[PDB]
Amino acid sequence: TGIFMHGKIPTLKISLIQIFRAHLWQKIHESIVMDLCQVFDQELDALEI
RNA sequence: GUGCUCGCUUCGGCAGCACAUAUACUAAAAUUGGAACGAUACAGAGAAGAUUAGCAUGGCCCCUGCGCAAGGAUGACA
């Protein structure tokens, strides 16, 4: 994940590992990329793409 | 090597004499081997109970039925 830990806070590193389990950061990035691709696809005649 | 012997002997030289007394891992070079938790690659919830559904058994208290043993009170003229 893109979380930076400013100090070993063990009671928070675990709660952040739980939240971003199963590669949630990568899936969020992929989902946003795909949603932007779709919106640019629906607008390609007016946008001259 | 320096200096000296009344030495041979000549200043071209020779013989002897005093001092000098035992350094070095010694090494400039020879070669072929075995090698990360450093990177990238993979995984990554990197600390939880490792569960909850029935029925029957076991304990206590009644009720009913059957059996065993030992008994109590009562009833019946022609």
# chains A, B, ... in the order shown; residues from 1 in each chain; ligands from 1

$ closest_atom_pairs --of "chain B" --to "chain A" --cutoff "12 Å" --atoms "only C-alpha atoms (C1' of nucleotides)" --output "Markdown table"
| residue | atom | partner | partner_atom | distance |
| --- | --- | --- | --- | --- |
| B:43 | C1' | A:22 | CA | 11.0 |
| B:44 | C1' | A:22 | CA | 8.7 |
| B:45 | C1' | A:18 | CA | 5.4 |
| B:46 | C1' | A:14 | CA | 7.5 |
| B:47 | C1' | A:14 | CA | 8.4 |

$ write_last_selection --atoms "N, CA, C and O atoms (P, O5', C5', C4', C3', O3' and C1' of nucleotides)" --output "PDB file, in the first residue's frame"
ATOM      1  P     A B  43       1.727 -12.857  -6.505  1.00  0.00           P
ATOM      2  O5'   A B  43       1.493 -13.401  -5.033  1.00  0.00           O
ATOM      3  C5'   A B  43       1.065 -14.735  -4.824  1.00  0.00           C
ATOM      4  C4'   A B  43       1.294 -15.163  -3.402  1.00  0.00           C
ATOM      5  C3'   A B  43       0.750 -14.226  -2.342  1.00  0.00           C
ATOM      6  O3'   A B  43      -0.637 -14.396  -2.119  1.00  0.00           O
ATOM      7  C1'   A B  43       2.961 -14.821  -1.797  1.00  0.00           C
ATOM      8  P     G B  44      -1.600 -13.116  -2.009  1.00  0.00           P
ATOM      9  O5'   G B  44      -1.262 -12.512  -0.579  1.00  0.00           O
ATOM     10  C5'   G B  44      -1.355 -13.319   0.583  1.00  0.00           C
ATOM     11  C4'   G B  44      -0.489 -12.790   1.695  1.00  0.00           C
ATOM     12  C3'   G B  44      -0.734 -11.353   2.113  1.00  0.00           C
ATOM     13  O3'   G B  44      -1.875 -11.194   2.934  1.00  0.00           O
ATOM     14  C1'   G B  44       1.577 -11.704   1.889  1.00  0.00           C
ATOM     15  P     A B  45      -3.023 -10.149   2.524  1.00  0.00           P
ATOM     16  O5'   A B  45      -3.823  -9.917   3.877  1.00  0.00           O
ATOM     17  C5'   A B  45      -3.241  -9.170   4.937  1.00  0.00           C
ATOM     18  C4'   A B  45      -3.127  -9.979   6.204  1.00  0.00           C
ATOM     19  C3'   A B  45      -3.085 -11.496   6.021  1.00  0.00           C
ATOM     20  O3'   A B  45      -2.209 -12.063   6.990  1.00  0.00           O
ATOM     21  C1'   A B  45      -4.879 -10.916   7.434  1.00  0.00           C
ATOM     22  P     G B  46      -1.254 -13.290   6.597  1.00  0.00           P
ATOM     23  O5'   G B  46      -0.052 -13.181   7.626  1.00  0.00           O
ATOM     24  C5'   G B  46       0.853 -12.086   7.572  1.00  0.00           C
ATOM     25  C4'   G B  46       1.523 -11.857   8.900  1.00  0.00           C
ATOM     26  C3'   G B  46       0.625 -11.298   9.996  1.00  0.00           C
ATOM     27  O3'   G B  46       1.082 -11.785  11.254  1.00  0.00           O
ATOM     28  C1'   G B  46       2.393  -9.805   9.604  1.00  0.00           C
ATOM     29  P     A B  47       0.894 -13.329  11.650  1.00  0.00           P
ATOM     30  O5'   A B  47       0.399 -13.266  13.158  1.00  0.00           O
ATOM     31  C5'   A B  47      -0.598 -12.336  13.558  1.00  0.00           C
ATOM     32  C4'   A B  47      -1.198 -12.725  14.884  1.00  0.00           C
ATOM     33  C3'   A B  47      -2.703 -12.510  15.009  1.00  0.00           C
ATOM     34  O3'   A B  47      -3.253 -13.546  15.820  1.00  0.00           O
ATOM     35  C1'   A B  47      -1.587 -11.263  16.673  1.00  0.00           C
TER      36        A B  47
END

$ select_by_dssp --residues "chain A" --states "helix (DSSP H, G or I)" --output "number ranges by chain"
A: 10-19, 24-42

$ write_last_selection --atoms "N, CA and C atoms" --output "PDB file, in the first residue's frame"
ATOM      1  N   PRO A  10       2.639  -0.308  16.350  1.00  0.00           N
ATOM      2  CA  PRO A  10       2.148  -1.669  16.085  1.00  0.00           C
ATOM      3  C   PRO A  10       0.643  -1.817  16.215  1.00  0.00           C
ATOM      4  N   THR A  11      -0.010  -1.011  17.045  1.00  0.00           N
ATOM      5  CA  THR A  11      -1.458  -1.070  17.171  1.00  0.00           C
ATOM      6  C   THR A  11      -2.177  -0.414  16.002  1.00  0.00           C
ATOM      7  N   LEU A  12      -1.448   0.129  15.046  1.00  0.00           N
ATOM      8  CA  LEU A  12      -2.031   0.724  13.850  1.00  0.00           C
ATOM      9  C   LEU A  12      -1.575   0.030  12.578  1.00  0.00           C
ATOM     10  N   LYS A  13      -0.353  -0.503  12.559  1.00  0.00           N
ATOM     11  CA  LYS A  13       0.107  -1.241  11.392  1.00  0.00           C
ATOM     12  C   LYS A  13      -0.788  -2.440  11.124  1.00  0.00           C
ATOM     13  N   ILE A  14      -1.237  -3.114  12.180  1.00  0.00           N
ATOM     14  CA  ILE A  14      -2.107  -4.270  12.008  1.00  0.00           C
ATOM     15  C   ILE A  14      -3.483  -3.862  11.503  1.00  0.00           C
ATOM     16  N   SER A  15      -4.054  -2.792  12.048  1.00  0.00           N
ATOM     17  CA  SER A  15      -5.339  -2.314  11.566  1.00  0.00           C
ATOM     18  C   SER A  15      -5.274  -1.810  10.135  1.00  0.00           C
ATOM     19  N   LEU A  16      -4.109  -1.361   9.671  1.00  0.00           N
ATOM     20  CA  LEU A  16      -3.963  -0.967   8.276  1.00  0.00           C
ATOM     21  C   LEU A  16      -3.665  -2.141   7.357  1.00  0.00           C
ATOM     22  N   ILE A  17      -2.973  -3.165   7.852  1.00  0.00           N
ATOM     23  CA  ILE A  17      -2.785  -4.386   7.082  1.00  0.00           C
ATOM     24  C   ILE A  17      -4.116  -5.090   6.869  1.00  0.00           C
ATOM     25  N   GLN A  18      -4.977  -5.099   7.887  1.00  0.00           N
ATOM     26  CA  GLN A  18      -6.300  -5.692   7.723  1.00  0.00           C
ATOM     27  C   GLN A  18      -7.121  -4.949   6.678  1.00  0.00           C
ATOM     28  N   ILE A  19      -7.056  -3.617   6.678  1.00  0.00           N
ATOM     29  CA  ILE A  19      -7.904  -2.827   5.792  1.00  0.00           C
ATOM     30  C   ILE A  19      -7.500  -2.994   4.333  1.00  0.00           C
ATOM     31  N   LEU A  24      -5.939  -4.434  -1.916  1.00  0.00           N
ATOM     32  CA  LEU A  24      -6.992  -3.445  -2.116  1.00  0.00           C
ATOM     33  C   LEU A  24      -6.454  -2.177  -2.765  1.00  0.00           C
ATOM     34  N   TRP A  25      -5.207  -1.809  -2.475  1.00  0.00           N
ATOM     35  CA  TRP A  25      -4.629  -0.612  -3.080  1.00  0.00           C
ATOM     36  C   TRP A  25      -4.537  -0.750  -4.595  1.00  0.00           C
ATOM     37  N   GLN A  26      -3.994  -1.874  -5.062  1.00  0.00           N
ATOM     38  CA  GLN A  26      -3.904  -2.127  -6.491  1.00  0.00           C
ATOM     39  C   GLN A  26      -5.279  -2.205  -7.135  1.00  0.00           C
ATOM     40  N   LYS A  27      -6.249  -2.818  -6.457  1.00  0.00           N
ATOM     41  CA  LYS A  27      -7.591  -2.906  -7.015  1.00  0.00           C
ATOM     42  C   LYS A  27      -8.266  -1.544  -7.088  1.00  0.00           C
ATOM     43  N   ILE A  28      -8.032  -0.669  -6.108  1.00  0.00           N
ATOM     44  CA  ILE A  28      -8.562   0.690  -6.187  1.00  0.00           C
ATOM     45  C   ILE A  28      -7.958   1.423  -7.374  1.00  0.00           C
ATOM     46  N   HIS A  29      -6.642   1.302  -7.555  1.00  0.00           N
ATOM     47  CA  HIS A  29      -6.008   1.965  -8.688  1.00  0.00           C
ATOM     48  C   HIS A  29      -6.544   1.431 -10.011  1.00  0.00           C
ATOM     49  N   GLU A  30      -6.683   0.109 -10.127  1.00  0.00           N
ATOM     50  CA  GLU A  30      -7.206  -0.485 -11.353  1.00  0.00           C
ATOM     51  C   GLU A  30      -8.642  -0.053 -11.613  1.00  0.00           C
ATOM     52  N   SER A  31      -9.467  -0.017 -10.565  1.00  0.00           N
ATOM     53  CA  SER A  31     -10.858   0.384 -10.730  1.00  0.00           C
ATOM     54  C   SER A  31     -10.963   1.828 -11.191  1.00  0.00           C
ATOM     55  N   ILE A  32     -10.159   2.719 -10.609  1.00  0.00           N
ATOM     56  CA  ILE A  32     -10.201   4.110 -11.042  1.00  0.00           C
ATOM     57  C   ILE A  32      -9.695   4.247 -12.474  1.00  0.00           C
ATOM     58  N   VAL A  33      -8.654   3.496 -12.840  1.00  0.00           N
ATOM     59  CA  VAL A  33      -8.154   3.545 -14.210  1.00  0.00           C
ATOM     60  C   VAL A  33      -9.221   3.077 -15.193  1.00  0.00           C
ATOM     61  N   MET A  34      -9.905   1.974 -14.877  1.00  0.00           N
ATOM     62  CA  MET A  34     -10.929   1.452 -15.777  1.00  0.00           C
ATOM     63  C   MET A  34     -12.123   2.394 -15.872  1.00  0.00           C
ATOM     64  N   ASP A  35     -12.528   2.995 -14.752  1.00  0.00           N
ATOM     65  CA  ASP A  35     -13.611   3.967 -14.795  1.00  0.00           C
ATOM     66  C   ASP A  35     -13.248   5.198 -15.609  1.00  0.00           C
ATOM     67  N   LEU A  36     -11.997   5.654 -15.546  1.00  0.00           N
ATOM     68  CA  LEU A  36     -11.600   6.764 -16.402  1.00  0.00           C
ATOM     69  C   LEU A  36     -11.540   6.355 -17.865  1.00  0.00           C
ATOM     70  N   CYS A  37     -11.094   5.132 -18.147  1.00  0.00           N
ATOM     71  CA  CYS A  37     -11.112   4.658 -19.524  1.00  0.00           C
ATOM     72  C   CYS A  37     -12.530   4.627 -20.079  1.00  0.00           C
ATOM     73  N   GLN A  38     -13.500   4.172 -19.283  1.00  0.00           N
ATOM     74  CA  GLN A  38     -14.881   4.137 -19.758  1.00  0.00           C
ATOM     75  C   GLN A  38     -15.411   5.537 -20.051  1.00  0.00           C
ATOM     76  N   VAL A  39     -15.161   6.491 -19.154  1.00  0.00           N
ATOM     77  CA  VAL A  39     -15.693   7.833 -19.357  1.00  0.00           C
ATOM     78  C   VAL A  39     -15.023   8.514 -20.545  1.00  0.00           C
ATOM     79  N   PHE A  40     -13.733   8.263 -20.775  1.00  0.00           N
ATOM     80  CA  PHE A  40     -13.103   8.768 -21.990  1.00  0.00           C
ATOM     81  C   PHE A  40     -13.599   8.055 -23.238  1.00  0.00           C
ATOM     82  N   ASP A  41     -14.031   6.800 -23.114  1.00  0.00           N
ATOM     83  CA  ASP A  41     -14.596   6.091 -24.253  1.00  0.00           C
ATOM     84  C   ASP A  41     -15.969   6.616 -24.645  1.00  0.00           C
ATOM     85  N   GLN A  42     -16.824   6.933 -23.672  1.00  0.00           N
ATOM     86  CA  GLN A  42     -18.143   7.453 -24.021  1.00  0.00           C
ATOM     87  C   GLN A  42     -18.052   8.835 -24.651  1.00  0.00           C
TER      88      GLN A  42
END

$ atom_distance --atom1 "CA of residue 3 in chain A" --atom2 "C1' of residue 41 in chain B"
22.9 Å

$ atom_distance --atom1 "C1' of residue 3 in chain B" --atom2 "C1' of residue 18 in chain B"
8.8 Å
